[PDB]
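**Q** Before the rest arrives, take these chains from my complex:
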Amino acid sequence: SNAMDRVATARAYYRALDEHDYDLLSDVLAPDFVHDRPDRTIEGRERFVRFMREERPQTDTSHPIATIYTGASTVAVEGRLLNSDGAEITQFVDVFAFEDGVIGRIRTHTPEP
């Protein structure tokens, strides 16, 4: 439990998604991991890994990161989601909560605008 490790784990999460390394993805998530965004909540690590492996509406995407912000126990990542042609799907701020060195929850926020 330190700030630098939390940031490194957040960076590893995006690397897992973008490299389609779902072994790495599982390795950085708690069993009871929950992902939230306005239009979708995905509950549980195995459901989440399956969704990212098999069910994302856009394939071969990336998450360029603009700025990472550190809090007392959480990390907020400001970035964008790009499709395979570099086109912006959305901007986001993802807020990571941690338990035991792994990610317990990610709350995705999109511009109001």
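**A** Thanks, I have it. Numbering: from 1, shown residues only, chains lettered A, B, ... in the order given.

**Q** Distance check, residue A:109 against residue A:95.
**A** 7 Å (C-beta to C-beta, to the nearest Å). Using the backbone N, CA and C atoms, a C-beta is placed for each residue, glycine as well.

**Q** And the two? Which one has more around it.
**A** Between residue A:109 and residue A:95, counted using other C-beta atoms under 10 Å, residue A:95 has the larger neighbour count: 18 against 15.

**Q** Which strand residues bridge that one?
**A** Here residue A:95 sits in beta bridges with residue A:76, residue A:107, going by DSSP bridges.

**Q** how about stretch A:90-101: buried residues?
**A** Using 16 or more other C-beta atoms under 10 Å as the test for burial, stretch A:90-101 gives A:92, A:93, A:94, A:95, A:96, A:97, A:98.

**Q** Residue A:25 is in contact with residue A:15, isn't it?
**A** No. Residue A:25 is beyond contact range of residue A:15, at 9.2 Å (criterion: C-beta atoms under 8 Å).

**Q** and the two? which has more neighbours close in?
**A** Per other C-beta under 10 Å, whichever of residue A:25 and residue A:15 has more neighbours is residue A:25, with 22 against 14.

**Q** how would you label the more buried one: helix, strand or coil?
**A** helix (DSSP: H, G, I helix; E, B strand; the rest coil).

**Q** Please apply the same query to residue A:93.
**A** Assigned with three-state DSSP, residue A:93 falls in the strand class.

**Q** and it, how far is that from residue A:71?
**A** Here the criterion is C-beta to C-beta. By it, residue A:93 lies 12 Å from residue A:71.

**Q** Chain B follows; place it on the structure:
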Amino acid sequence: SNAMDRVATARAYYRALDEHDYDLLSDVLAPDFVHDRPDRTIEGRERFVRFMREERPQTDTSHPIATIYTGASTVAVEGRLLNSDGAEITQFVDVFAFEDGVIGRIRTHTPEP
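**A** Adding chain B to what we have so far:
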């Protein structure tokens, strides 16, 4: 909608701090409200309002908002803290957790090294 209500409440928080409207500030917080950042946690609504009124190193600051990002149940506000002369103290992302019609927790995040 509840989502619109949460965004309005987050905006009202900054309006209150900046106008020193501590009556309004009280009105938007949970009784057991917690404000978080690295090396400072402030607990309790009356105690927090009293901190903002009396104990801040600078009370004549402003919090111009750049972008509000909305999540499933939380709001992430990207802004800057300016001193009375308009100079930047820090960039921040504040993450608002809501409960029972009011703000339960704000987690302040500042840019990583």
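
**Q** please look at the buried residues of stretch A:90-101 again, because chain B has been put in.
**A** A:91, A:92, A:93, A:94, A:95, A:96, A:97, A:98 (16 or more other C-beta atoms under 10 Å in any protein chain shown).

**Q** same check, this time on stretch A:44-53
**A** A:44, A:45, A:48, A:49, A:52.

**Q** all strands in chain A, in order from the N-terminus.
**A** Ranges of strands in chain A, per DSSP state E, are A:29-37, A:40-43, A:65-70, A:74-82, A:88-99, A:102-111.

**Q** and the longest one with strand A:65-70, angle?
**A** The reference is to strand A:88-99. Taking axes from the mean of the first three to the mean of the last three C-alpha atoms, to 10 degrees, one finds strand A:88-99 and strand A:65-70 inclined to each other by 20 degrees.

**Q** would you turn the strands of chain A into JSON lines with distance to residue A:5?
**A** Below are the strands of chain A laid out as JSON lines (distance: least, C-beta to C-beta, whole Å):
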{"stretch": "strand A:29-37", "distance to residue A:5": "15"}
{"stretch": "strand A:40-43", "distance to residue A:5": "24"}
{"stretch": "strand A:65-70", "distance to residue A:5": "11"}
{"stretch": "strand A:74-82", "distance to residue A:5": "10"}
{"stretch": "strand A:88-99", "distance to residue A:5": "9"}
{"stretch": "strand A:102-111", "distance to residue A:5": "11"}
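
**Q** Of all these, which one is nearest residue B:8?
**A** Residue B:8 lies closest to strand A:102-111 among these, at 16.0 Å (C-beta to C-beta).

**Q** ok, and what's touching that closest one?
**A** Surrounding strand A:102-111, the residues in contact under the criterion C-beta atoms under 8 Å, 6 or more residues apart in numbering or on different chains are A:9-10, A:13, A:27-30, A:32-38, A:90-98, B:67-76, B:95.
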